[PDB]
Amino acid sequence: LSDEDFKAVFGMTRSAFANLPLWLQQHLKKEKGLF
Ligand code: NA
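What comes next concerns the included structure.

Structural notes on the overall build of the protein chain
- Along its length, the protein chain carries 3 helices and 0 strands.
- N-terminal to C-terminal, the α/β element order of the protein chain is α-α-α.
- With the C-alpha coordinates of the protein chain rotated into their principal frame, the extents come out at 25 × 20 × 15 Å.

And the structure:
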């Protein structure tokens with residue numbers, strides 16, 4: 001997805017998401033039905 005769609009889904013930038021721990025990245029992907 002686009003940078004704008006990413007920010008809408010996750011409410012943060014891709015760089016912000018990458019600073020999260022893996023467990024939380026994975027948690028968010030599942031919560032949102034993505035990836
Ligand atoms: Na929106």
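Points about the pattern of salt bridges
- For the structure on display, the rule yields 1 salt bridge.
- Note that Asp3 and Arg14 form a salt bridge whose closest N and O atoms lie 2.6 Å from each other. In this pair, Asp3 is assigned in helix α1 (residues 3–10) and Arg14 in helix α2 (residues 14–19), connecting sequence segments 11 residues apart.
- For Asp3, a relative accessible area of 46% corresponds to the partly exposed category.
- For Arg14, a relative accessible area of 35% translates into the label partly exposed.

Here's the deal with the packing of aromatic side chains
- Taken as a whole and assessed by the stated rule, the structure comprises 4 aromatic pairs.
- Summarising the aromatic geometry, the rings of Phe6 and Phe17 are spaced 5.5 Å apart at their centres and angled 85° between planes, so their arrangement reads as edge-to-face. Residue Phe6 is located in helix α1, and its partner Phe17 is located in helix α2; the two are separated by 11 residues in the primary sequence.
- Looking at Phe6, the relative accessible area reads 5%, which means it is buried.

Rules used in this analysis
Residues numbered from 1 in each chain as written, not as in the entry; some residues may be left out. Heavy atoms only, no water. Residues with missing side-chain atoms left out of burial classes, pairs and counts. Helix = DSSP H or I, 4+ residues; strand = E, 2+ residues; numbered from the N terminus. Salt bridge = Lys/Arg side-chain N within 4 Å of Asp/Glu carboxyl O. Buried < 20%, exposed > 50% of the residue type's maximum accessible area, 1.4 Å probe, protein only. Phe/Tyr/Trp six-rings, centres within 6.5 Å; stacked < 30°, edge-to-face > 60°.

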